[PDB]
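Student: Below is a structure I'd like to ask you about.
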Amino acid sequence: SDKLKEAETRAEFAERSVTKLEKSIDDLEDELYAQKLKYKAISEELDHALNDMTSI
Amino acid sequence: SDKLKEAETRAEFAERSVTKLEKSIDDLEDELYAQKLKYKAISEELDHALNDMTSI
Amino acid sequence: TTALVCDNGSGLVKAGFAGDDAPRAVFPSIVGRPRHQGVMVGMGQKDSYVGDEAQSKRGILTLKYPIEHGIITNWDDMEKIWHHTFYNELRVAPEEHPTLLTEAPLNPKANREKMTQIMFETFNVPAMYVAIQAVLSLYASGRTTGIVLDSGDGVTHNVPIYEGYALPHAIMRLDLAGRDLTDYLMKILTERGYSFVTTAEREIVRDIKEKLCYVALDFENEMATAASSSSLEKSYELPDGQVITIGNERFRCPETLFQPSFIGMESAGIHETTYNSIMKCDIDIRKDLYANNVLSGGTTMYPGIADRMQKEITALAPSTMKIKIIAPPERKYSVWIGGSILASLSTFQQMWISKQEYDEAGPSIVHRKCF
Amino acid sequence: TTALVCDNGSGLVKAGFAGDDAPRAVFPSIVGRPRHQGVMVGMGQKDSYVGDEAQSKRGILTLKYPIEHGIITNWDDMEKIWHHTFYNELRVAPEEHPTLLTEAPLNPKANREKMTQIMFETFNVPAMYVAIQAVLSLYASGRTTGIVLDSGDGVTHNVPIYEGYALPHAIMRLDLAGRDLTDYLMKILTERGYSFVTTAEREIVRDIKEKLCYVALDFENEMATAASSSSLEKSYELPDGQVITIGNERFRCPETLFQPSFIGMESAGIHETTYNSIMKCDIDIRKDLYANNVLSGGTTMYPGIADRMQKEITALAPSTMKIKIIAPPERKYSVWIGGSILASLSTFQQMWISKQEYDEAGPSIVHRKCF
Ligand SMILES: Nc1ncnc2c1ncn2[C@@H]1O[C@H](COP(=O)(O)OP(=O)(O)O)[C@@H](O)[C@H]1O
Ligand SMILES: Nc1ncnc2c1ncn2[C@@H]1O[C@H](COP(=O)(O)OP(=O)(O)O)[C@@H](O)[C@H]1O
Ligand SMILES: [Mg+2]
Ligand SMILES: [Mg+2]
């Protein structure tokens, strides 16, 4: 009985940890996507600048 | 005894899964660090071009 | 010879020879005189059962801890505990072994001086050294920086360290610890009908706290959930039957750590005294302390505390810094493992307070260079 | 063999072998003893971190520059800095290499004599020569005339030269430089709420000054614009988060150069001491000095200074003369590049102060023919 209780508690702890880790990794992926979006926006602005500089 | 074996197996799988998730989040955090370095460098280069052009 | 790494603590005395992985003998630090009369003759009844023997005869004893909050309030009982630890749990005479006690930060001087005087006069050790309980817990993690929150059973203290240079002006010692959580749990259990009063039943409430309580990730949501469903009610069998069912007392007992207003204490929780301890440090080592927050001590073993604390600090701290909370699985014995590592070092071998030095300067030697 | 072109400076020590384009090792000249106690044993903690190592552990050090204003105020620390420069940043023993130090104009004699005595007795170099920091900056520009304004970090001096003949009566040395601008910026940042006090946070204020401040073309118009719009407010992230926003402190910090009344100094700005230095020269070489005004030194790297200075001098000077300001992109290392060029010359190879000469006349040899 003692061993079973220990195992059950371990399982609950690990499950909660996996839930937190999944949420955190999803949030960090969202942040990376946002920063990539900003980089792409300024890169397209610079590409337009280069297109005009082709006439420069 | 049978129930203890089952619970121990599921807890061990949960531990392995959380280890895999922690490694994955480490990888993605490192990738975000690299992209943050990229944005830092590109903004620094843009500022350098700005100061060179304003200062001839 | 080998050194004895004793660690008085408050609630569990942990001892063992230097250079191992785990303490050799771990037993509660309680000394309980019998309280009833006693009619059987020749039963061999002693006058005081100490250590783990008094956790089996606790039905007819009055257990009383000799260490209240880090400080020692009853020197005779503490001497008895030390004598038991040396002679019966380790069976090594102290005349041939150096000792390395541990002491909480910001404790009264007289306590430390009396400790060294006892160790040198009564037990007559060759040399003893007193170390702060947080530096050892930092040793055990294998780090050299970081801010360690050592929430023991007597007192919770938070010592920040950088590059090996401790910051004496940033130590935040708070007297809420496991014992107050036991008393608060014993006080809120009365809301269902279970009354524990005797000093022996405090041990039963402690067992309930250890086996059932957990720290909620978000307090209000848990309070709302436990008040609607019944998926939280876990039952527990007393030492005589009559199982009890703990409802939302499960996460309300350890919540006192983050809201010390529950037991009437004014100060802020362990989630905000760490941030305050960091902010007192210099502006250039705050990132490293943020990234290397260390947990230790017994009371930090609640299931789900390493996530609640990280969430709270991330809420308080600036959004750019990375907050990481080191929670090794061997949290309970972290201080003693660090003590073993420190005693096993060659560079440390000349820092002991040798007996001839004590004979020349008296017990006040401990405050001197040999710290 | 090759010569060592060291350049003590005040704020950044720049060194490297003669004949290259850029100094091999550039690192701040600060020596910082630890100030806290230190609890980890065997961590290998040294007693003084010098150079670029103390810019990474600056959170627990007390950095102190060994050179205040050109002159050297703490000879032991300067000796330590030189020893580090020779042995760890270049890894060449000084017993087999001539050295070419640099010194500001109008400095105390004892400083120069002690410098040569150290170089000949402690490090035991074969031969060393001391050169004025402005002639080298004129070498690097490839000119042979011109008036050079070498606004370093310690002291700003303005040496006019014509056809290779220096004019000793027209050197105007002013003690406002980058360090005073750092202190003034640290003093005006307090008007928004940001308080930097520790000697470690002076480095953070220096970084703010380097990355954000710029010299305004017209001061009153900028003061009026920054007080109405908000197009100037640039933000900056401290070493721990909590971004700060610098408003009209951006162009008010380096404006002190042209109005030294801001920090209470009486003298006139760098825009008017150049004109005064020119007017002390003879009437027939003023056109050439007007046309070949040279900028050097670190502090002349502010974005937009080569236009403000030209506008000011054109306002002061007669309307017919052409005012041209030479501002090479390699301004910071201009003195060291010139030093390398001078040390690489064949005609210069017999001007070194050979050791036997020092043995015969003592340290006072430097003031003699071997200047
Ligand atoms: N597994 C656990 N879960 C929750 N609380 C625990 C656990 N183990 C110990 N504790 C609490 O920690 C206390 C022991 O702390 P400990 O680290 O031994 O204190 P000390 O610093 O005096 O050695 C006990 O009183 C108990 O209340
Ligand atoms: N890019 C920059 N923009 C503005 N100021 C700078 C810049 N680089 C350096 N400085 C200032 O110049 C100083 C360095 O001057 P430096 O030429 O190294 O002095 P020295 O003559 O002693 O070598 C620094 O203290 C800094 O305040
Ligand atoms: Mg402890
Ligand atoms: Mg210079």
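Chains as they are written, first to last, in the working numbering: chain A, 1 to 56; chain B, 1001 to 1056; chain C, 2001 to 2371; chain D, 3001 to 3371. A virtual CB, placed ideally from N, CA and C, is assigned to each residue, including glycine.
Entirely within the segment 3017-3058 of chain D and at least 3 residues each: give me those beta strand (DSSP E) ranges in chain order.
Tutor: Segments of the beta strand (DSSP E) lying fully in the segment 3017-3058 of chain D: 3025-3027, 3031-3034.
Student: Can you give the Cα-Cα distance for B/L1037 and A/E45, rounded to whole angstroms?
Tutor: So the alpha carbons of these two residues sit roughly 20 Å apart.
Student: Over the uninterrupted alpha helix (DSSP H) stretch that includes C/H2157, give me the two end residues.
Tutor: First-last for C/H2157: 2156-2162, but that is the beta strand (DSSP E), not the alpha helix (DSSP H).
Student: Thinking C-alpha only, which one of D/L3004, D/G3164, D/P3168 is nearest D/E3095?
Tutor: Out of D/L3004, D/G3164, D/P3168, D/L3004 has the C-alpha closest to the C-alpha of D/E3095.
Student: When the distance is taken between beta carbons, is C/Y2184 closer than 7 Å to residue 3410 of chain D?
Tutor: The structure shown has nothing for residue 3410 of chain D, since chain D only spans 3001 to 3371.
Student: Give me the Cα-Cα distance between C/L2289 and C/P2160, rounded to the nearest whole angstrom.
Tutor: Going by the C-alpha atoms only, they are around 8 Å apart.
Student: Per DSSP, which one or two residues make a beta bridge with D/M3309?
Tutor: According to DSSP, which records beta bridges pairwise, D/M3309 is partnered with nothing at all.
Student: Got a sec, what are the start and stop residues for the alpha helix (DSSP H) D/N3111 sits in?
Tutor: Looking at the DSSP string, the run of the alpha helix (DSSP H) that includes D/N3111 is 3109-3121.
Student: Could you please go through the chain and list the residues whose beta-carbon is closer than 5 Å to any non-hydrogen atom of ligand 2?
Tutor: The set, ordered by position in the chain, is D/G3009, D/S3010, D/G3011, D/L3012, D/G3152, D/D3153, D/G3178, D/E3210, D/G3297, D/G3298, D/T3299, D/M3301.
Student: So is D/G3269 in contact with chain B if we call contact Cβ pairs under 7 Å?
Tutor: No, D/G3269 does not count as interfacial toward chain B.
Student: Please report the distance separating the alpha-carbon of residue 3408 of chain D from that of D/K3355.
Tutor: Residue 3408 of chain D lies beyond the stretch modelled for chain D, which goes from 3001 to 3371, so this question has no answer here.
Student: Taking 6 Å as the line, does the beta carbon of C/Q2356 fall inside it for any heavy atom of ligand 4?
Tutor: For ligand 4, not one heavy atom lies less than 6 Å from the Cβ of C/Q2356.
Student: I want to see whether chain D comes within less than 7 Å of C/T2347, judged by CB atoms only; does it?
Tutor: It does: the Cβ of C/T2347 has a partner Cβ on chain D nearer than 7 Å.
Student: For A/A7 versus B/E1008, is the C-beta spacing smaller than 7 Å?
Tutor: Yes, these two residues count as a Cβ contact at 7 Å.
Student: Please list the segments of the beta strand (DSSP E) lying wholly inside the segment 2206-2248 of chain C, counting only runs of 3 or more residues, in order along the chain.
Tutor: DSSP runs (the beta strand (DSSP E)) wholly in the segment 2206-2248 of chain C: 2234-2238, 2241-2246.
Student: The beta strand (DSSP E) with C/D2150 in it runs from where to where?
Tutor: Counting along the chain, the beta strand (DSSP E) containing C/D2150 begins and ends at 2146-2151.
Student: I'd like to know whether the C-beta atoms of residue 1984 of chain C and C/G2032 end up nearer to each other than 7 Å.
Tutor: Nothing about residue 1984 of chain C can be read from this structure; chain C reaches only from 2001 to 2371.
Student: Would you report the Cα separation of D/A3131 and D/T3102, rounded to the nearest angstrom?
Tutor: Looking at the two C-alpha atoms, the distance is approximately 5 Å.
Student: Over what stretch of residues does the alpha helix (DSSP H) that includes D/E3272 continue unbroken?
Tutor: Taken as a continuous stretch (DSSP letters only), the alpha helix (DSSP H) holding D/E3272 covers 3270-3279.
Student: Should D/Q3133 be listed as close to ligand 4, given that the test is whether its C-beta is under 6 Å from any heavy atom?
Tutor: Yes; taking the cut-off as 6 Å, the Cβ of D/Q3133 has a heavy atom of ligand 4 nearer than that.
Student: Quick one: is D/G3044 buried, meaning 16 or more other Cβ sit within 10 Å of its Cβ, or exposed?
Tutor: Looking at its Cβ environment, which holds fewer than 16 other Cβ atoms inside 10 Å, D/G3044 is exposed.
Student: Where do the ends of the alpha helix (DSSP H) carrying D/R3179 lie?
Tutor: That run of the alpha helix (DSSP H) goes 3178-3188.
Student: What three-state label does DSSP hand D/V3366 in the structure shown?
Tutor: Three-state result, D/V3366: coil.
Student: Name the residue from D/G3009, D/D3021, D/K3014, D/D3007 whose alpha carbon lies nearest to the alpha carbon of D/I3341.
Tutor: Of D/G3009, D/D3021, D/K3014, D/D3007, the residue nearest in Cα terms is D/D3021.
Student: Per DSSP, which one or two residues make a beta bridge with C/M2128?
Tutor: DSSP output for C/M2128 lists C/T2099, C/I2353 as bridge partner(s).
Student: Rounded to whole angstroms, what's the CA-CA distance from C/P2239 to C/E2233? Just pull it up for me.
Tutor: About 19 Å.
Student: Between which two residues does the beta strand (DSSP E) holding C/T2062 run?
Tutor: Segment 2061-2064, the beta strand (DSSP E) holding C/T2062.
Student: For D/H3271, is the classification buried or exposed, using 16 other Cβ atoms within 10 angstroms of its Cβ as the cut-off for buried?
Tutor: Under this definition D/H3271 is a buried residue.
Student: C/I2325 by DSSP, collapsed to three states: which one?
Tutor: Looking at C/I2325 - three-state DSSP - the assignment turns out to be strand.
Student: Quick check: the Cα distance between C/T2274 and C/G2264, rounded to an integer number of angstroms?
Tutor: Answer to the nearest angstrom: the Cα atoms are 20 Å apart.
Student: D/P3318 CB to nearest chain C CB: under 7 Å?
Tutor: Judged by the 7 Å Cβ criterion, D/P3318 is not in contact with chain C.
Student: Can you name, in chain order, every residue of its own chain whose Cβ lies under 7 Å from the Cβ of D/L3090, other than the five neighbours on each side?
Tutor: Counting only Cβ-Cβ distances below 7 Å, and skipping sequence neighbours, we find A3015, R3024, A3025.
Student: Closest Cβ-Cβ distance between residue 2000 of chain C and chain D: below 7 Å?
Tutor: Lying before the first or after the last residue shown, residue 2000 of chain C is absent from chain C, which here runs from 2001 to 2371.
Student: For D/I3204, does the three-state DSSP call read helix, strand or coil?
Tutor: In the structure shown, D/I3204 sits in a helix (DSSP, three-state: H, G or I).
Student: What residues from the segment 2160-2174 of chain C come within 7 Å of chain D, judged by C-beta to C-beta, listed N to C?
Tutor: Of all residues in the segment 2160-2174 of chain C, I2161, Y2162, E2163, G2164, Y2165, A2166, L2167, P2168 have a Cβ within less than 7 Å of some Cβ in chain D.
Student: If we cut at 7 Å on Cβ distances, does A/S17 have a partner in chain B?
Tutor: So, interface residue.
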